[PDB]
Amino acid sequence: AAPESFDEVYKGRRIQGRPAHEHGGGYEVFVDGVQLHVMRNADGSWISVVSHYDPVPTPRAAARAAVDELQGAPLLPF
C-alpha cells in the first residue's frame, strides 16, 4: 500500500506527493509543480534523483531533502 498524499509549502516552495529512462514509480512527487523522480527502497526508505545515495524515511522527507539541496533553484523535468 502506497504512502498517503501530501501537500505543503516547505521553505517557500510547494511540495506535493501522491500515489500513482527511469523506473515505473508507484508514487509521484512535485516541487513547484515540476516532477521530482523518487524511488522506494526494499526497506521502505526513499531517495530522489537529487539525493540518491542518502535514504530518508518517507516521500515527504525526500521532497524536503530536495528543496534543501536545490537552494532555490528550479527543478528541471526528467
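Sequential numbering from 1, following the sequence displayed.
Across the other entries compared, at least a third leave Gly25 without coordinates even though the residues on each side are present.
The stretch of deposited sequence separating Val9 from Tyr10 contains no residues lacking coordinates in this entry.
Two stretches are in play, 23 to 31 and 47 to 55, and the higher mean C-alpha B-factor belongs to 23 to 31. Looking at the C-alpha B-factors along this chain, the one for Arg60 belongs to the lowest third.
In the deposited entry, the Cα temperature factor of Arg14 places it in the middle third of its chain's modelled residues.
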